[PDB]
Amino acid sequence: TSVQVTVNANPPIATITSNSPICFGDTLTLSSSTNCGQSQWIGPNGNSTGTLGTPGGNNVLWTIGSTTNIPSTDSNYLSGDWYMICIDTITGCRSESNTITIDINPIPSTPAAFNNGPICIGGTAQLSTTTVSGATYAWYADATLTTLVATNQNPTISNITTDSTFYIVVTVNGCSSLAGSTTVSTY
Amino acid sequence: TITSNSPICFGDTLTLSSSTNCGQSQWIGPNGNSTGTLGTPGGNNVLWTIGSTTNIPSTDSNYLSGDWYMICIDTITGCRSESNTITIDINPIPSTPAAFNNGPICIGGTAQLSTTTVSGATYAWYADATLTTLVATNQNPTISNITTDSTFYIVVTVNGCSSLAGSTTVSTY
């Protein structure tokens with residue numbers, strides 16, 4: 001007598017892509033092209049069963065289908081090296097994936113901004129702010145930032161005849177902070 | 001052996017080409033090698049073609065920067081073979097720059113035009129809207145003898161890719 005043994009094959013290695021250039025607060029998408037059943041995601045929090053528990057529901061790291069979505073309020077919304085495991089729900093076979101580096105960029109703070117002292121009607125004012133490495137600067141006249149006045153670090157605005165305010169946006173590595181502000185008084 | 005037109009400005013077409021003379025050509029890009037993409041062997045599947053070359057237009061979902069590799073498929077025997085890895089760079093088009101003027105200027109005076117400093121950029125300021133007449137390549141040039149209202153157009157080219165021209169207006173008191 002002799003016994004035969006069926007051996008189940010593993011699913012293929014998954015190719016993972018992601019929207020890796022993320023400004024903090026937005027949603028992180030992790031996606032395989034493959035068509036595997038049970039999808040297990042491993043992030044910077046590790047592969048501990050204290051996190052990877054329930055296989056479905058609202059567990060962002062365990063889903064049905066080959067893609068997931070980590071919102072900015074989730075405790076797995078973390079920069080670092082991510083890897084996916086495909087689980088065959090019929091045979092129990094499992095397979096790995098390529099490592100993905102994901103960068104969630106901080107939002108810079110609202111910058112301080114400064115004025116000159118009070119200025120005579122029709123005069124000019126230099127506006128100024130903090131130097132920030134990697135930053136692009138924009139100074140706006142409108143509170144809703146639709147009207148731009150300058151992109152200089154510390155621009156001079158001419159012909160100020162009445163009390164006027166300016167709004168400042170500092171964008172670092174693609175992420176824009178909430179605008180700060182200045183006020184030019186008129187003597 | 002795969003070659004490609006790897007220095008691409010976004011919007012143009014990406015050519016991936018083998019010298020070899022194999023039959024069924026399978027391309028693997030940054031989207032992976034998943035059968036959810038690599039499906040139909042012909043038709044309009046840009047990653048599966050007949051012949052040893054393909055063309056990925058700028059509207060395709062495989063128009064991606066990254067490491068590409070080709071597989072040659074023998075349509076008679078089923079035998080398959082690999083290829084050298086190709087790094088392909090599709091450069092973004094910079095945005096249209098903001099540009100600024102001085103206040104209104106007296107007839108025959110001069111005006112300094114200015115814009116944003118962009119790393120890796122080459123600057124060109126033009127007098128004509130169609131950009132055929134160039135005035136300066138300075139970051140913030142001064143244009144003399146302005147006697148009437150006149151506009152300028154600005155092109156910022158980064159790593160070889162030119163954005164759509166921005167503009168300024170010099171008013172005359």
# chains A, B, ... in the order shown; residues from 1 in each chain; ligands from 1

$ residues_around --residues "residue 51 in chain B" --least-positions-apart "4" --cutoff "8 Å" --atoms "only C-alpha atoms" --output "list in words"
residues 21, 22, 23, 24 and 25 of chain B

$ interface_residues --of "chain A" --to "chain B" --cutoff "10 Å" --atoms "only C-alpha atoms" --output "PDB file with C-alpha atoms, in the first residue's frame"
ATOM      1  CA  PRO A  12       2.321  34.291  -7.052  1.00  0.00           C
ATOM      2  CA  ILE A  13       4.421  37.060  -5.568  1.00  0.00           C
ATOM      3  CA  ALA A  14       2.345  40.201  -5.592  1.00  0.00           C
ATOM      4  CA  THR A  15       3.448  43.413  -7.218  1.00  0.00           C
ATOM      5  CA  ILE A  16       2.473  46.301  -5.011  1.00  0.00           C
ATOM      6  CA  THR A  17       2.235  49.950  -5.901  1.00  0.00           C
ATOM      7  CA  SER A  18       1.085  52.820  -3.738  1.00  0.00           C
ATOM      8  CA  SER A  31      -2.679  48.191  -4.051  1.00  0.00           C
ATOM      9  CA  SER A  32      -1.739  44.902  -5.666  1.00  0.00           C
ATOM     10  CA  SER A  33      -2.453  44.161  -9.312  1.00  0.00           C
ATOM     11  CA  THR A  34      -2.919  40.527  -8.440  1.00  0.00           C
ATOM     12  CA  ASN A  35      -6.334  38.933  -7.968  1.00  0.00           C
ATOM     13  CA  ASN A  98       7.758  43.481  -3.060  1.00  0.00           C
ATOM     14  CA  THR A 136       8.514  77.563  -1.831  1.00  0.00           C
ATOM     15  CA  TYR A 137       7.005  80.832  -0.710  1.00  0.00           C
ATOM     16  CA  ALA A 138       3.852  82.611  -1.698  1.00  0.00           C
ATOM     17  CA  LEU A 148      -1.124  86.383  -5.334  1.00  0.00           C
ATOM     18  CA  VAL A 149       1.256  89.301  -4.831  1.00  0.00           C
ATOM     19  CA  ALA A 150       4.732  87.767  -4.630  1.00  0.00           C
ATOM     20  CA  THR A 151       6.816  84.600  -4.401  1.00  0.00           C
ATOM     21  CA  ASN A 152       9.780  86.283  -2.798  1.00  0.00           C
ATOM     22  CA  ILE A 157       4.598  95.741  -1.786  1.00  0.00           C
ATOM     23  CA  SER A 158       4.197  99.238  -3.177  1.00  0.00           C
ATOM     24  CA  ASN A 159       1.524 101.952  -3.127  1.00  0.00           C
TER      25      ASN A 159
END

$ residues_around --residues "range 55-71 of chain B" --least-positions-apart "5" --cutoff "8 Å" --atoms "only C-alpha atoms" --output "PDB file with N, CA and C atoms, in the first residue's frame"
ATOM      1  N   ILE B   2      17.135  45.440 -24.714  1.00  0.00           N
ATOM      2  CA  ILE B   2      16.095  46.443 -24.784  1.00  0.00           C
ATOM      3  C   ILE B   2      16.712  47.817 -24.687  1.00  0.00           C
ATOM      4  N   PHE B  10       6.752  64.493 -19.906  1.00  0.00           N
ATOM      5  CA  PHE B  10       5.407  64.002 -19.736  1.00  0.00           C
ATOM      6  C   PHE B  10       4.490  64.542 -20.792  1.00  0.00           C
ATOM      7  N   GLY B  11       3.738  63.651 -21.384  1.00  0.00           N
ATOM      8  CA  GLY B  11       2.814  63.970 -22.441  1.00  0.00           C
ATOM      9  C   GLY B  11       3.216  63.359 -23.765  1.00  0.00           C
ATOM     10  N   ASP B  12       4.495  63.056 -23.941  1.00  0.00           N
ATOM     11  CA  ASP B  12       5.005  62.447 -25.157  1.00  0.00           C
ATOM     12  C   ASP B  12       4.822  60.930 -25.102  1.00  0.00           C
ATOM     13  N   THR B  13       5.197  60.212 -26.165  1.00  0.00           N
ATOM     14  CA  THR B  13       5.020  58.759 -26.218  1.00  0.00           C
ATOM     15  C   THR B  13       6.281  57.980 -25.854  1.00  0.00           C
ATOM     16  N   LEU B  14       6.103  56.933 -25.046  1.00  0.00           N
ATOM     17  CA  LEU B  14       7.195  56.072 -24.608  1.00  0.00           C
ATOM     18  C   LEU B  14       7.361  54.862 -25.518  1.00  0.00           C
ATOM     19  N   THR B  15       8.552  54.719 -26.069  1.00  0.00           N
ATOM     20  CA  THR B  15       8.875  53.619 -26.955  1.00  0.00           C
ATOM     21  C   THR B  15       9.754  52.619 -26.236  1.00  0.00           C
ATOM     22  N   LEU B  16       9.341  51.368 -26.238  1.00  0.00           N
ATOM     23  CA  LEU B  16      10.122  50.291 -25.653  1.00  0.00           C
ATOM     24  C   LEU B  16      10.471  49.352 -26.785  1.00  0.00           C
ATOM     25  N   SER B  25       5.438  39.462 -27.626  1.00  0.00           N
ATOM     26  CA  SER B  25       6.179  40.368 -26.762  1.00  0.00           C
ATOM     27  C   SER B  25       5.375  40.793 -25.552  1.00  0.00           C
ATOM     28  N   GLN B  26       5.895  40.486 -24.374  1.00  0.00           N
ATOM     29  CA  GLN B  26       5.259  40.788 -23.099  1.00  0.00           C
ATOM     30  C   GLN B  26       6.066  41.820 -22.327  1.00  0.00           C
ATOM     31  N   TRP B  27       5.457  42.935 -21.966  1.00  0.00           N
ATOM     32  CA  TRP B  27       6.193  43.962 -21.254  1.00  0.00           C
ATOM     33  C   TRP B  27       5.755  44.025 -19.808  1.00  0.00           C
ATOM     34  N   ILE B  28       6.705  44.171 -18.907  1.00  0.00           N
ATOM     35  CA  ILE B  28       6.422  44.272 -17.493  1.00  0.00           C
ATOM     36  C   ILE B  28       6.841  45.647 -17.014  1.00  0.00           C
ATOM     37  N   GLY B  29       5.915  46.403 -16.443  1.00  0.00           N
ATOM     38  CA  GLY B  29       6.237  47.722 -15.942  1.00  0.00           C
ATOM     39  C   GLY B  29       6.034  47.831 -14.442  1.00  0.00           C
ATOM     40  N   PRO B  30       6.041  49.068 -13.949  1.00  0.00           N
ATOM     41  CA  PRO B  30       5.874  49.392 -12.527  1.00  0.00           C
ATOM     42  C   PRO B  30       4.554  48.948 -11.956  1.00  0.00           C
ATOM     43  N   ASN B  31       3.590  48.601 -12.796  1.00  0.00           N
ATOM     44  CA  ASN B  31       2.302  48.107 -12.331  1.00  0.00           C
ATOM     45  C   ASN B  31       2.357  46.624 -12.000  1.00  0.00           C
ATOM     46  N   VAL B  46      -1.245  47.367 -24.696  1.00  0.00           N
ATOM     47  CA  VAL B  46       0.074  47.904 -24.943  1.00  0.00           C
ATOM     48  C   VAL B  46       1.174  47.030 -24.379  1.00  0.00           C
ATOM     49  N   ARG B  80      10.108  30.714 -23.150  1.00  0.00           N
ATOM     50  CA  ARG B  80      10.150  32.134 -22.829  1.00  0.00           C
ATOM     51  C   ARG B  80      11.518  32.581 -22.327  1.00  0.00           C
ATOM     52  N   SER B  81      11.881  33.851 -22.568  1.00  0.00           N
ATOM     53  CA  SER B  81      13.137  34.392 -22.047  1.00  0.00           C
ATOM     54  C   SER B  81      13.063  35.851 -21.606  1.00  0.00           C
ATOM     55  N   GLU B  82      13.975  36.192 -20.703  1.00  0.00           N
ATOM     56  CA  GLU B  82      14.113  37.498 -20.071  1.00  0.00           C
ATOM     57  C   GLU B  82      14.882  38.517 -20.920  1.00  0.00           C
ATOM     58  N   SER B  83      15.081  39.697 -20.324  1.00  0.00           N
ATOM     59  CA  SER B  83      15.718  40.843 -20.955  1.00  0.00           C
ATOM     60  C   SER B  83      16.415  41.718 -19.923  1.00  0.00           C
ATOM     61  N   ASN B  84      17.245  42.646 -20.391  1.00  0.00           N
ATOM     62  CA  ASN B  84      17.921  43.568 -19.485  1.00  0.00           C
ATOM     63  C   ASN B  84      16.945  44.588 -18.908  1.00  0.00           C
ATOM     64  N   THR B  85      17.145  44.963 -17.641  1.00  0.00           N
ATOM     65  CA  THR B  85      16.293  45.944 -16.969  1.00  0.00           C
ATOM     66  C   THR B  85      16.520  47.340 -17.521  1.00  0.00           C
ATOM     67  N   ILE B  86      15.455  48.065 -17.824  1.00  0.00           N
ATOM     68  CA  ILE B  86      15.571  49.419 -18.354  1.00  0.00           C
ATOM     69  C   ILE B  86      14.992  50.422 -17.377  1.00  0.00           C
ATOM     70  N   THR B  87      15.757  51.448 -17.038  1.00  0.00           N
ATOM     71  CA  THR B  87      15.228  52.504 -16.189  1.00  0.00           C
ATOM     72  C   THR B  87      14.712  53.608 -17.087  1.00  0.00           C
ATOM     73  N   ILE B  88      13.453  53.982 -16.918  1.00  0.00           N
ATOM     74  CA  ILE B  88      12.798  54.979 -17.755  1.00  0.00           C
ATOM     75  C   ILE B  88      12.327  56.147 -16.915  1.00  0.00           C
ATOM     76  N   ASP B  89      12.671  57.363 -17.334  1.00  0.00           N
ATOM     77  CA  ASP B  89      12.314  58.555 -16.571  1.00  0.00           C
ATOM     78  C   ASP B  89      11.372  59.468 -17.335  1.00  0.00           C
ATOM     79  N   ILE B  90      10.154  59.601 -16.854  1.00  0.00           N
ATOM     80  CA  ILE B  90       9.213  60.516 -17.458  1.00  0.00           C
ATOM     81  C   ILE B  90       9.175  61.732 -16.563  1.00  0.00           C
TER      82      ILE B  90
END

$ residues_around --residues "residue 18 in chain B" --least-positions-apart "6" --cutoff "6 Å" --atoms "only C-alpha atoms" --output "VMD selection string"
chain B and resid 1 to 2 52 to 53

$ closest_residue --among "A:113, A:120, A:102, A:23" --to "residue 165 in chain A" --atoms "only C-alpha atoms"
A:113

$ residues_around --residues "residue 70 in chain A" --least-positions-apart "5" --cutoff "12 Å" --atoms "only C-alpha atoms" --output "ChimeraX atom specification"
/A:18-19,22,24-31,41,43,58-63,75-79,104

$ write_last_selection --atoms "C-alpha atoms" --output "short mmCIF file (atom, residue, chain, number, x, y, z; two decimals), in the first residue's frame"
data_model
loop_
_atom_site.label_atom_id
_atom_site.label_comp_id
_atom_site.auth_asym_id
_atom_site.auth_seq_id
_atom_site.Cartn_x
_atom_site.Cartn_y
_atom_site.Cartn_z
CA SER A 18 1.08 52.82 -3.74
CA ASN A 19 0.48 56.53 -3.72
CA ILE A 22 1.48 61.73 0.62
CA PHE A 24 -0.26 64.15 6.03
CA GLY A 25 -3.99 64.13 6.37
CA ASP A 26 -4.75 62.51 3.01
CA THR A 27 -5.56 58.81 2.43
CA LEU A 28 -2.95 56.11 1.80
CA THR A 29 -3.73 53.58 -0.91
CA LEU A 30 -1.93 50.25 -0.98
CA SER A 31 -2.68 48.19 -4.05
CA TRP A 41 -0.94 44.08 4.99
CA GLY A 43 3.24 47.93 8.17
CA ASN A 58 -13.14 47.33 9.17
CA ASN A 59 -9.64 45.97 9.76
CA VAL A 60 -7.64 48.08 7.38
CA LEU A 61 -4.82 45.54 7.36
CA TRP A 62 -7.05 42.56 6.53
CA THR A 63 -9.42 42.75 3.67
CA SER A 75 -3.04 54.08 13.85
CA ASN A 76 -1.37 52.40 10.84
CA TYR A 77 -1.01 55.68 8.95
CA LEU A 78 2.73 55.39 9.12
CA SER A 79 5.72 56.16 6.92
CA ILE A 104 3.90 60.63 4.56
#

$ residues_around --residues "range 83-93 of chain A" --least-positions-apart "3" --cutoff "7 Å" --atoms "only C-alpha atoms" --output "compact mmCIF listing (two decimals) with C-alpha atoms, in the first residue's frame"
# COMPACT_ATOMS: atom_id res chain seq x y z
CA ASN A 8 -1.23 22.89 -3.20
CA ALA A 9 0.73 25.53 -5.05
CA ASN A 10 1.41 28.93 -3.61
CA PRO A 11 -0.11 32.07 -5.08
CA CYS A 36 -5.81 37.02 -4.65
CA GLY A 37 -8.55 36.53 -2.07
CA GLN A 38 -7.60 37.42 1.47
CA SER A 39 -5.25 40.39 1.67
CA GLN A 40 -2.96 40.89 4.66
CA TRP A 41 -0.94 44.08 4.99
CA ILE A 42 2.15 44.45 7.15
CA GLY A 43 3.24 47.93 8.17
CA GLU A 96 4.93 37.48 -0.29
CA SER A 97 5.24 40.78 -2.18
CA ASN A 98 7.76 43.48 -3.06
CA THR A 99 8.71 45.93 -0.28
CA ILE A 100 7.17 49.40 -0.67

$ residues_around --residues "range 163-168 of chain B" --least-positions-apart "2" --cutoff "7 Å" --atoms "only C-alpha atoms" --output "ChimeraX atom specification"
/B:93-101,151-157,161,170

$ write_last_selection --atoms "C-alpha atoms" --output "compact mmCIF listing (two decimals), in the first residue's frame"
# COMPACT_ATOMS: atom_id res chain seq x y z
CA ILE B 93 6.18 69.50 -16.84
CA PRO B 94 6.84 72.43 -14.48
CA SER B 95 3.93 74.68 -13.83
CA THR B 96 3.41 77.98 -15.51
CA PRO B 97 5.42 80.40 -13.36
CA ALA B 98 4.08 83.44 -11.66
CA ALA B 99 5.60 86.60 -12.87
CA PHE B 100 5.72 90.14 -11.60
CA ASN B 101 6.25 93.71 -12.70
CA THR B 151 3.54 92.37 -22.07
CA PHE B 152 6.15 89.70 -21.65
CA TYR B 153 5.96 85.95 -21.64
CA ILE B 154 7.98 83.64 -19.46
CA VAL B 155 9.15 80.12 -20.02
CA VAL B 156 10.85 78.04 -17.38
CA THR B 157 12.51 74.88 -18.63
CA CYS B 161 10.96 70.19 -20.20
CA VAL B 170 4.11 96.77 -17.83

$ select_by_dssp --residues "range 10-173 of chain B" --states "strand (DSSP E)" --output "PyMOL selection string"
chain B and resi 14-18+24-28+48-50+53-56+66-73+80-81+86-91+99-100+109-112+114-115+121-126+134-136+142-146+150-158+161-162+166-170

$ write_last_selection --atoms "C-alpha atoms" --output "compact mmCIF listing (two decimals), in the first residue's frame"
# COMPACT_ATOMS: atom_id res chain seq x y z
CA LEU B 14 7.20 56.07 -24.61
CA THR B 15 8.88 53.62 -26.96
CA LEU B 16 10.12 50.29 -25.65
CA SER B 17 12.10 48.31 -28.18
CA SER B 18 14.01 45.07 -28.51
CA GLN B 24 4.92 37.41 -28.78
CA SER B 25 6.18 40.37 -26.76
CA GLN B 26 5.26 40.79 -23.10
CA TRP B 27 6.19 43.96 -21.25
CA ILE B 28 6.42 44.27 -17.49
CA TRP B 48 1.21 42.41 -25.10
CA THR B 49 1.97 42.68 -28.74
CA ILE B 50 3.09 40.91 -31.83
CA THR B 53 8.43 46.65 -29.85
CA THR B 54 5.59 48.62 -28.20
CA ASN B 55 4.34 52.20 -27.73
CA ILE B 56 2.85 53.56 -24.50
CA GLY B 66 10.53 53.08 -13.20
CA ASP B 67 12.22 49.77 -14.04
CA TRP B 68 10.87 47.91 -17.07
CA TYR B 69 11.65 44.37 -18.30
CA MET B 70 10.63 42.45 -21.46
CA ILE B 71 9.76 38.80 -21.92
CA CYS B 72 10.07 37.11 -25.37
CA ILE B 73 7.55 34.37 -25.98
CA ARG B 80 10.15 32.13 -22.83
CA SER B 81 13.14 34.39 -22.05
CA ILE B 86 15.57 49.42 -18.35
CA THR B 87 15.23 52.50 -16.19
CA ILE B 88 12.80 54.98 -17.75
CA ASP B 89 12.31 58.55 -16.57
CA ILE B 90 9.21 60.52 -17.46
CA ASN B 91 9.79 64.07 -16.32
CA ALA B 99 5.60 86.60 -12.87
CA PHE B 100 5.72 90.14 -11.60
CA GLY B 109 11.81 104.25 -18.72
CA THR B 110 12.87 100.75 -17.79
CA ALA B 111 11.20 97.86 -16.04
CA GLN B 112 12.51 94.93 -14.10
CA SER B 114 10.81 89.03 -12.15
CA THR B 115 9.82 85.47 -11.35
CA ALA B 121 15.77 75.62 -14.50
CA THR B 122 16.75 77.61 -17.54
CA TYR B 123 14.87 80.84 -17.97
CA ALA B 124 13.64 82.65 -21.01
CA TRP B 125 11.69 85.87 -21.26
CA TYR B 126 9.95 86.60 -24.54
CA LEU B 134 13.31 86.52 -27.11
CA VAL B 135 14.34 89.43 -24.88
CA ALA B 136 16.38 87.88 -22.07
CA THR B 142 15.49 94.68 -17.03
CA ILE B 143 13.92 95.78 -20.26
CA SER B 144 14.68 99.31 -21.38
CA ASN B 145 12.92 102.03 -23.39
CA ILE B 146 9.39 100.95 -22.67
CA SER B 150 3.72 95.99 -23.28
CA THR B 151 3.54 92.37 -22.07
CA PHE B 152 6.15 89.70 -21.65
CA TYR B 153 5.96 85.95 -21.64
CA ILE B 154 7.98 83.64 -19.46
CA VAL B 155 9.15 80.12 -20.02
CA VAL B 156 10.85 78.04 -17.38
CA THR B 157 12.51 74.88 -18.63
CA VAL B 158 13.53 72.26 -16.09
CA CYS B 161 10.96 70.19 -20.20
CA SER B 162 9.35 73.60 -20.93
CA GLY B 166 3.34 82.76 -17.93
CA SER B 167 3.07 86.48 -18.34
CA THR B 168 3.58 90.01 -17.03
CA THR B 169 2.27 93.46 -18.00
CA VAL B 170 4.11 96.77 -17.83
